[PDB]
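Shown next: upload-v9.pdb, containing PDB, C-alpha atoms and all ligand atoms.
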ATOM      1  CA  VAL T   3       0.000   0.000   0.000  1.00  0.00           C
ATOM      2  CA  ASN T   4       1.204   3.501  -0.910  1.00  0.00           C
ATOM      3  CA  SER T   5      -0.185   7.040  -0.726  1.00  0.00           C
ATOM      4  CA  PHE T   6      -0.933   7.608  -4.423  1.00  0.00           C
ATOM      5  CA  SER T   7      -4.595   8.633  -4.674  1.00  0.00           C
ATOM      6  CA  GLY T   8      -7.148   8.904  -7.450  1.00  0.00           C
ATOM      7  CA  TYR T   9      -5.230   6.888 -10.048  1.00  0.00           C
ATOM      8  CA  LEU T  10      -6.816   4.686 -12.675  1.00  0.00           C
ATOM      9  CA  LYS T  11      -5.183   1.243 -12.834  1.00  0.00           C
ATOM     10  CA  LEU T  12      -4.050   0.342 -16.350  1.00  0.00           C
ATOM     11  CA  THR T  13      -2.154  -2.933 -15.788  1.00  0.00           C
ATOM     12  CA  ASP T  14      -0.646  -5.004 -13.002  1.00  0.00           C
ATOM     13  CA  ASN T  15       2.028  -2.318 -12.544  1.00  0.00           C
ATOM     14  CA  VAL T  16       0.968   0.948 -14.267  1.00  0.00           C
ATOM     15  CA  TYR T  17      -1.362   3.652 -12.959  1.00  0.00           C
ATOM     16  CA  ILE T  18      -2.425   6.949 -14.569  1.00  0.00           C
ATOM     17  CA  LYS T  19      -3.967  10.221 -13.394  1.00  0.00           C
ATOM     18  CA  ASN T  20      -4.808  13.610 -14.896  1.00  0.00           C
ATOM     19  CA  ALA T  21      -2.517  15.752 -12.765  1.00  0.00           C
ATOM     20  CA  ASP T  22       0.300  18.266 -12.682  1.00  0.00           C
ATOM     21  CA  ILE T  23       3.357  16.213 -11.724  1.00  0.00           C
ATOM     22  CA  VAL T  24       4.629  19.176  -9.690  1.00  0.00           C
ATOM     23  CA  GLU T  25       1.513  19.343  -7.518  1.00  0.00           C
ATOM     24  CA  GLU T  26       1.411  15.541  -7.241  1.00  0.00           C
ATOM     25  CA  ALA T  27       5.033  15.448  -6.080  1.00  0.00           C
ATOM     26  CA  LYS T  28       4.541  18.008  -3.305  1.00  0.00           C
ATOM     27  CA  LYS T  29       1.569  16.031  -1.953  1.00  0.00           C
ATOM     28  CA  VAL T  30       2.934  12.471  -1.978  1.00  0.00           C
ATOM     29  CA  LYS T  31       6.654  13.266  -1.616  1.00  0.00           C
ATOM     30  CA  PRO T  32       7.454   9.969  -3.377  1.00  0.00           C
ATOM     31  CA  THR T  33      10.733   8.126  -3.111  1.00  0.00           C
ATOM     32  CA  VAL T  34      11.398   8.789  -6.819  1.00  0.00           C
ATOM     33  CA  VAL T  35      10.040  11.471  -9.135  1.00  0.00           C
ATOM     34  CA  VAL T  36      11.072  11.149 -12.784  1.00  0.00           C
ATOM     35  CA  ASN T  37      12.198  14.215 -14.717  1.00  0.00           C
ATOM     36  CA  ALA T  38      11.854  14.481 -18.499  1.00  0.00           C
ATOM     37  CA  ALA T  39      15.497  15.529 -18.817  1.00  0.00           C
ATOM     38  CA  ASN T  40      17.750  16.389 -21.736  1.00  0.00           C
ATOM     39  CA  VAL T  41      21.362  15.222 -22.002  1.00  0.00           C
ATOM     40  CA  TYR T  42      22.655  18.548 -20.637  1.00  0.00           C
ATOM     41  CA  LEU T  43      20.244  18.594 -17.676  1.00  0.00           C
ATOM     42  CA  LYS T  44      19.152  22.074 -18.803  1.00  0.00           C
ATOM     43  CA  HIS T  45      15.714  22.268 -17.207  1.00  0.00           C
ATOM     44  CA  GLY T  46      14.278  25.134 -19.214  1.00  0.00           C
ATOM     45  CA  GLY T  47      10.767  24.067 -20.137  1.00  0.00           C
ATOM     46  CA  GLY T  48       8.260  21.267 -20.196  1.00  0.00           C
ATOM     47  CA  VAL T  49       8.130  18.990 -17.178  1.00  0.00           C
ATOM     48  CA  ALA T  50      11.793  19.722 -16.406  1.00  0.00           C
ATOM     49  CA  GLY T  51      11.338  23.483 -16.360  1.00  0.00           C
ATOM     50  CA  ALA T  52       8.318  23.145 -14.071  1.00  0.00           C
ATOM     51  CA  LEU T  53       9.993  20.720 -11.647  1.00  0.00           C
ATOM     52  CA  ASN T  54      13.084  22.898 -11.434  1.00  0.00           C
ATOM     53  CA  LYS T  55      10.998  26.026 -10.763  1.00  0.00           C
ATOM     54  CA  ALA T  56       9.319  24.216  -7.865  1.00  0.00           C
ATOM     55  CA  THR T  57      12.792  23.607  -6.335  1.00  0.00           C
ATOM     56  CA  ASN T  58      13.636  27.324  -6.539  1.00  0.00           C
ATOM     57  CA  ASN T  59      16.367  26.442  -9.128  1.00  0.00           C
ATOM     58  CA  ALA T  60      18.169  24.090  -6.703  1.00  0.00           C
ATOM     59  CA  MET T  61      17.660  21.244  -9.195  1.00  0.00           C
ATOM     60  CA  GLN T  62      19.472  23.260 -11.881  1.00  0.00           C
ATOM     61  CA  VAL T  63      22.364  24.154  -9.544  1.00  0.00           C
ATOM     62  CA  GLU T  64      22.842  20.497  -8.599  1.00  0.00           C
ATOM     63  CA  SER T  65      22.519  19.453 -12.246  1.00  0.00           C
ATOM     64  CA  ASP T  66      25.164  21.911 -13.452  1.00  0.00           C
ATOM     65  CA  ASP T  67      27.631  20.474 -10.944  1.00  0.00           C
ATOM     66  CA  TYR T  68      26.734  16.947 -12.112  1.00  0.00           C
ATOM     67  CA  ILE T  69      27.412  17.837 -15.764  1.00  0.00           C
ATOM     68  CA  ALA T  70      30.637  19.684 -14.933  1.00  0.00           C
ATOM     69  CA  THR T  71      31.907  16.490 -13.273  1.00  0.00           C
ATOM     70  CA  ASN T  72      30.464  13.761 -15.504  1.00  0.00           C
ATOM     71  CA  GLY T  73      29.606  15.256 -18.882  1.00  0.00           C
ATOM     72  CA  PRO T  74      26.282  14.837 -20.662  1.00  0.00           C
ATOM     73  CA  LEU T  75      23.954  11.894 -20.329  1.00  0.00           C
ATOM     74  CA  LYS T  76      23.172   9.569 -23.239  1.00  0.00           C
ATOM     75  CA  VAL T  77      19.828   9.733 -25.012  1.00  0.00           C
ATOM     76  CA  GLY T  78      18.033   6.801 -23.395  1.00  0.00           C
ATOM     77  CA  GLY T  79      20.100   7.181 -20.217  1.00  0.00           C
ATOM     78  CA  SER T  80      19.510   8.527 -16.735  1.00  0.00           C
ATOM     79  CA  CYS T  81      21.057   9.674 -13.493  1.00  0.00           C
ATOM     80  CA  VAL T  82      19.806   9.768  -9.900  1.00  0.00           C
ATOM     81  CA  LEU T  83      20.044  13.149  -8.169  1.00  0.00           C
ATOM     82  CA  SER T  84      18.310  14.757  -5.210  1.00  0.00           C
ATOM     83  CA  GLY T  85      14.551  15.183  -5.202  1.00  0.00           C
ATOM     84  CA  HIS T  86      14.944  18.440  -3.236  1.00  0.00           C
ATOM     85  CA  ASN T  87      11.583  19.478  -1.720  1.00  0.00           C
ATOM     86  CA  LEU T  88       9.591  17.267  -4.121  1.00  0.00           C
ATOM     87  CA  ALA T  89      10.784  13.693  -3.493  1.00  0.00           C
ATOM     88  CA  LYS T  90      13.641  11.778  -1.926  1.00  0.00           C
ATOM     89  CA  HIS T  91      15.309  11.307  -5.328  1.00  0.00           C
ATOM     90  CA  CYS T  92      14.852  12.610  -8.846  1.00  0.00           C
ATOM     91  CA  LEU T  93      15.541  10.143 -11.657  1.00  0.00           C
ATOM     92  CA  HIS T  94      16.499  12.321 -14.639  1.00  0.00           C
ATOM     93  CA  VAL T  95      15.639  10.253 -17.734  1.00  0.00           C
ATOM     94  CA  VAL T  96      16.421  11.324 -21.306  1.00  0.00           C
ATOM     95  CA  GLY T  97      13.837  10.195 -23.816  1.00  0.00           C
ATOM     96  CA  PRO T  98      14.428  10.975 -27.491  1.00  0.00           C
ATOM     97  CA  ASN T  99      13.347  14.476 -28.566  1.00  0.00           C
ATOM     98  CA  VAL T 100      11.619  14.050 -31.940  1.00  0.00           C
ATOM     99  CA  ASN T 101      11.963  17.796 -32.541  1.00  0.00           C
ATOM    100  CA  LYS T 102      15.738  17.181 -32.538  1.00  0.00           C
ATOM    101  CA  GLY T 103      15.501  14.188 -34.904  1.00  0.00           C
ATOM    102  CA  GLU T 104      16.388  11.645 -32.213  1.00  0.00           C
ATOM    103  CA  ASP T 105      15.579   7.975 -32.750  1.00  0.00           C
ATOM    104  CA  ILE T 106      12.223   7.031 -31.215  1.00  0.00           C
ATOM    105  CA  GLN T 107      13.504   3.463 -30.712  1.00  0.00           C
ATOM    106  CA  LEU T 108      15.556   4.850 -27.800  1.00  0.00           C
ATOM    107  CA  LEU T 109      12.259   5.401 -25.962  1.00  0.00           C
ATOM    108  CA  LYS T 110      12.277   1.782 -24.787  1.00  0.00           C
ATOM    109  CA  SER T 111      15.825   2.177 -23.459  1.00  0.00           C
ATOM    110  CA  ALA T 112      14.714   5.333 -21.622  1.00  0.00           C
ATOM    111  CA  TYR T 113      11.845   3.506 -19.908  1.00  0.00           C
ATOM    112  CA  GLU T 114      14.162   0.629 -18.904  1.00  0.00           C
ATOM    113  CA  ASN T 115      15.734   3.017 -16.378  1.00  0.00           C
ATOM    114  CA  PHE T 116      12.464   2.901 -14.421  1.00  0.00           C
ATOM    115  CA  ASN T 117      13.041  -0.804 -13.663  1.00  0.00           C
ATOM    116  CA  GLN T 118      15.839   0.099 -11.236  1.00  0.00           C
ATOM    117  CA  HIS T 119      13.258   1.614  -8.844  1.00  0.00           C
ATOM    118  CA  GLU T 120      10.423  -0.215  -7.105  1.00  0.00           C
ATOM    119  CA  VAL T 121       7.945   2.708  -7.289  1.00  0.00           C
ATOM    120  CA  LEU T 122       8.050   5.937  -9.316  1.00  0.00           C
ATOM    121  CA  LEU T 123       5.979   9.017 -10.091  1.00  0.00           C
ATOM    122  CA  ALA T 124       6.636   9.859 -13.724  1.00  0.00           C
ATOM    123  CA  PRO T 125       5.540  11.702 -16.870  1.00  0.00           C
ATOM    124  CA  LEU T 126       5.159  10.056 -20.250  1.00  0.00           C
ATOM    125  CA  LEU T 127       8.658  10.077 -21.699  1.00  0.00           C
ATOM    126  CA  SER T 128       9.152  12.017 -24.935  1.00  0.00           C
ATOM    127  CA  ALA T 129       5.625  13.491 -24.672  1.00  0.00           C
ATOM    128  CA  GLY T 130       4.834  17.194 -24.649  1.00  0.00           C
ATOM    129  CA  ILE T 131       7.626  19.347 -26.068  1.00  0.00           C
ATOM    130  CA  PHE T 132       9.745  16.256 -26.842  1.00  0.00           C
ATOM    131  CA  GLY T 133       7.366  15.733 -29.768  1.00  0.00           C
ATOM    132  CA  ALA T 134       6.491  12.024 -29.603  1.00  0.00           C
ATOM    133  CA  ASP T 135       2.969  10.599 -29.734  1.00  0.00           C
ATOM    134  CA  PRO T 136       1.899  10.270 -26.066  1.00  0.00           C
ATOM    135  CA  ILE T 137      -0.235   7.235 -26.975  1.00  0.00           C
ATOM    136  CA  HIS T 138       2.856   5.446 -28.287  1.00  0.00           C
ATOM    137  CA  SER T 139       4.859   6.518 -25.236  1.00  0.00           C
ATOM    138  CA  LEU T 140       2.204   4.971 -22.991  1.00  0.00           C
ATOM    139  CA  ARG T 141       2.349   1.717 -24.965  1.00  0.00           C
ATOM    140  CA  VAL T 142       6.140   1.531 -24.628  1.00  0.00           C
ATOM    141  CA  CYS T 143       5.827   2.304 -20.915  1.00  0.00           C
ATOM    142  CA  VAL T 144       3.354  -0.523 -20.305  1.00  0.00           C
ATOM    143  CA  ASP T 145       5.413  -2.965 -22.392  1.00  0.00           C
ATOM    144  CA  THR T 146       8.768  -2.036 -20.789  1.00  0.00           C
ATOM    145  CA  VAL T 147       8.339  -0.988 -17.155  1.00  0.00           C
ATOM    146  CA  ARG T 148       7.841  -3.842 -14.684  1.00  0.00           C
ATOM    147  CA  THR T 149       8.056  -1.810 -11.465  1.00  0.00           C
ATOM    148  CA  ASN T 150       5.160   0.258 -10.107  1.00  0.00           C
ATOM    149  CA  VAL T 151       4.752   3.480 -12.080  1.00  0.00           C
ATOM    150  CA  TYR T 152       2.275   6.272 -11.361  1.00  0.00           C
ATOM    151  CA  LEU T 153       1.925   8.387 -14.513  1.00  0.00           C
ATOM    152  CA  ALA T 154       0.842  12.033 -14.299  1.00  0.00           C
ATOM    153  CA  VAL T 155      -0.664  13.500 -17.480  1.00  0.00           C
ATOM    154  CA  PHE T 156      -1.060  17.280 -17.244  1.00  0.00           C
ATOM    155  CA  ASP T 157      -3.433  17.785 -20.179  1.00  0.00           C
ATOM    156  CA  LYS T 158      -6.930  16.712 -19.138  1.00  0.00           C
ATOM    157  CA  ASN T 159      -7.830  16.384 -22.807  1.00  0.00           C
ATOM    158  CA  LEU T 160      -4.774  14.198 -23.397  1.00  0.00           C
ATOM    159  CA  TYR T 161      -5.501  12.112 -20.301  1.00  0.00           C
ATOM    160  CA  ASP T 162      -8.988  11.250 -21.580  1.00  0.00           C
ATOM    161  CA  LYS T 163      -7.687  10.188 -24.998  1.00  0.00           C
ATOM    162  CA  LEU T 164      -4.934   8.031 -23.473  1.00  0.00           C
ATOM    163  CA  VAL T 165      -7.490   6.231 -21.314  1.00  0.00           C
ATOM    164  CA  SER T 166     -10.140   5.781 -24.004  1.00  0.00           C
ATOM    165  CA  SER T 167      -7.618   4.547 -26.583  1.00  0.00           C
ATOM    166  CA  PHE T 168      -5.712   2.211 -24.254  1.00  0.00           C
ATOM    167  CA  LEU T 169      -5.530  -1.398 -25.405  1.00  0.00           C
TER
HETATM  168  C1  LIG T 201       1.878  18.440 -23.783  1.00  0.00           C
HETATM  169  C2  LIG T 201       1.542  17.490 -22.606  1.00  0.00           C
HETATM  170  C3  LIG T 201       2.483  16.269 -22.599  1.00  0.00           C
HETATM  171  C4  LIG T 201       2.244  15.322 -21.400  1.00  0.00           C
HETATM  172  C5  LIG T 201       2.337  16.069 -20.035  1.00  0.00           C
HETATM  173  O1  LIG T 201       1.884  15.212 -19.035  1.00  0.00           O
HETATM  174  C6  LIG T 201       3.857  16.569 -19.753  1.00  0.00           C
HETATM  175  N1  LIG T 201       3.981  17.686 -18.782  1.00  0.00           N
HETATM  176  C7  LIG T 201       3.672  17.605 -17.413  1.00  0.00           C
HETATM  177  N2  LIG T 201       3.203  16.410 -16.932  1.00  0.00           N
HETATM  178  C8  LIG T 201       2.896  16.311 -15.591  1.00  0.00           C
HETATM  179  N3  LIG T 201       2.993  17.251 -14.641  1.00  0.00           N
HETATM  180  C9  LIG T 201       3.462  18.440 -15.143  1.00  0.00           C
HETATM  181  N4  LIG T 201       3.645  19.548 -14.347  1.00  0.00           N
HETATM  182  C10 LIG T 201       4.133  20.552 -15.189  1.00  0.00           C
HETATM  183  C11 LIG T 201       4.267  20.073 -16.478  1.00  0.00           C
HETATM  184  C12 LIG T 201       3.834  18.709 -16.500  1.00  0.00           C
HETATM  185  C13 LIG T 201       1.347  17.273 -20.071  1.00  0.00           C
HETATM  186  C14 LIG T 201       1.590  18.225 -21.258  1.00  0.00           C
HETATM  187 CL    CL T 202       5.835  19.124 -22.136  1.00  0.00          CL
END
Kindly transcribe the structure held in the file into structure tokens.
Amino acid sequence: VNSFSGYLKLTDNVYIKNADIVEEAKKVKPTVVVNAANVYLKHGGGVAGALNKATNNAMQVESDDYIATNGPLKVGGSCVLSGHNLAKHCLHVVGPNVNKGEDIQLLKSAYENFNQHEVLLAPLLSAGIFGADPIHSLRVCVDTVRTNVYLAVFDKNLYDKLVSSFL
């Protein structure tokens, strides 16, 4: 039993809710919140820009130190950093950004990072400003993640279409 509330159950291990991931994070304070990161951990917009704003830019400060030490992530890769005031940890995961021409096949590799964590709050990877079809992203999520994932979809209109079209 966990403290995630109001989710629709999609499969044995995947749950979905129309919600702002920022507001969800502050309520549950989960062990792991997933960020829709880029390889540079530049959290300017989308989910990343919103999460970073909620940390008063502390996420960006920590991220810049991480990159200065380690260099960029791989597309499809991830790193674990602090969750600041939102969660214990933030798993920064890089899905492909279609608006950069990046290979959508790497979306499965991106979701594989979730399997290293028993429970996660997460957005749909490569959705929103990353330009991929959120319906496809949901399919890859369900077919790749085996741990317990609670998916927050900000767009109420998008949430309804994802539910109604789910196979
Ligand atoms: C274009 C849509 C793509 C899918 C989204 O779910 C991604 N953005 C977010 N998702 C969840 N909490 C959030 N809080 C702030 C942003 C945000 C909603 C927008
Ligand atoms: Cl977005």
Apply the PyMOL selection byres (((chain T and resi 108-121) around 6) and not hetatm) to the structure shown and report the selected residues as an mmCIF file with C-alpha atoms, in the coordinates of the input.
data_model
loop_
_atom_site.group_PDB
_atom_site.id
_atom_site.type_symbol
_atom_site.label_atom_id
_atom_site.label_comp_id
_atom_site.auth_asym_id
_atom_site.auth_seq_id
_atom_site.Cartn_x
_atom_site.Cartn_y
_atom_site.Cartn_z
ATOM 1 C CA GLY T 78 18.033 6.801 -23.395
ATOM 2 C CA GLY T 79 20.100 7.181 -20.217
ATOM 3 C CA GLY T 97 13.837 10.195 -23.816
ATOM 4 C CA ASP T 105 15.579 7.975 -32.750
ATOM 5 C CA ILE T 106 12.223 7.031 -31.215
ATOM 6 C CA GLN T 107 13.504 3.463 -30.712
ATOM 7 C CA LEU T 122 8.050 5.937 -9.316
ATOM 8 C CA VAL T 147 8.339 -0.988 -17.155
ATOM 9 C CA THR T 149 8.056 -1.810 -11.465
ATOM 10 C CA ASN T 150 5.160 0.258 -10.107
ATOM 11 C CA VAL T 151 4.752 3.480 -12.080
#
Enumerate as an NGL selection string the residues within 12 Å of ligand LIG 201 (chain T), counting all atoms listed in the file.
-> :T and (18-28 or 35-39 or 45-56 or 123-137 or 139-140 or 152-164)
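Picture a line from CA of residue 81 (chain T) to CA of residue 58 (chain T); it runs 20.4 Å.
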Report the distance between CA of residue 75 (chain T) and CA of residue 87 (chain T) in Å, rounded to one decimal place.
->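 Those two atoms sit 23.6 Å apart.
The spacing separating CA of residue 40 (chain T) from CA of residue 145 (chain T) amounts to 23.0 Å.
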Selected residue of minimal separation from ligand CL 202 (chain T) among T:68, T:42, T:73, T:99, counting all atoms listed in the file =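 Closest candidate: T:99.
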Using only C-alpha atoms, which residue out of T:12, T:96, T:63, T:83 lies closest to residue 167 (chain T)?
-> T:12
